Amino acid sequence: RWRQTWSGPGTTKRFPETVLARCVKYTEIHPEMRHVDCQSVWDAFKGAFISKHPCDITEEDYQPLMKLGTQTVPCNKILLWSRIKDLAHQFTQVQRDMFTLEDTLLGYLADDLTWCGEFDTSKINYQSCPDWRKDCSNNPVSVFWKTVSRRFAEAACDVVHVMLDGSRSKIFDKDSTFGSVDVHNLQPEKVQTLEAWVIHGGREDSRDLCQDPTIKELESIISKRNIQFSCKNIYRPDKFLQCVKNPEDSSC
C-alpha cells in the first residue's frame, strides 16, 4: 500500500527459488559440497525465519541451517572485508588466492538478498522487512550475517586479511559487523596476525591511511587480544587488481 509495516525493503522476489537455485549451482561447482541436499538446506533456511516475528530472530534459529552448511575453508586464506564488496570479490575471483564469506555456500546463498516472514503466518513478507536501525537488530537478515560472520572469523588461522574502505569517514567502524563481531571472534590461539588493506578511493596515493585514528583504534584492540596487527595502503585499487591478474606482470 501507501504505508508498510516495516522500514526496510521487502523480501527479494522469488526468494525460495533463488536460494534453491544458488544451492544447486554452488554444490555443482564446489566438489566438497556434494553431500549437501538443497531441499534440506532450503527447509532449514526457511525454518529459521518463517512463522517467526521478524524482530525476534536469534542465532539458534539459524543453527539447523548452519549445521547443513558446514564447510571447511582453508583457515590461513581468509579475506574479511568491510564496506568494499566489489574489490574483495574481484580479487578472490582472479585465482582464489583467498576466500571471502561469499565464497562459502551460506554466504553465496544470501548475498545481495533480503528476506523476512510474519509472526502470524507462514507467508514470506514481500512488502517490507525490519530495518536494522529503525525497527530492530534481531531481524532475519542481520542475525544471519552476524551468525555466519562469527563462525567464519572463528575458523581463521595464521595471517587473516581484511579489506577496509578508506573513503568512509570511519575506515574501521566499531559498529560494523567486522568491528562488532569479527575482531572479537578471531581466536588468538590460532591467528598470528590481522593484516588490513586500506583501499583508497581517489586522487591516488594521498595520505597514509594506516595512520588514521580508527586504524590506530583497530591496532590497539587487536594488539590487546595478543594478535599482531599489520596495515597496508592500496593507493590505486585498479592497478592492484591488474597486478594480481598479471603475475610477473611487468610491475606487480
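Don't overthink the numbering: it's just position in the shown sequence, from 1.
- Looking at mean Cα B-factors across 205 to 213 and 186 to 194, the upper value is held by 205 to 213.
- Remark: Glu60 belongs to the highest third of its chain, ranked by C-alpha B-factor as recorded.
- Ranked against the other modelled residues of its chain, the C-alpha B-factor of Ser40 as given in the entry falls in the middle third.
- When the CA B factors of the chain's modelled residues are split into thirds, the value for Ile29 lands in the highest one.
- When the modelled residues of the chain are ordered by their C-alpha B factor, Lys123 lands in the lowest third.
- When the modelled residues of the chain are ordered by their C-alpha B factor, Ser137 lands in the middle third.
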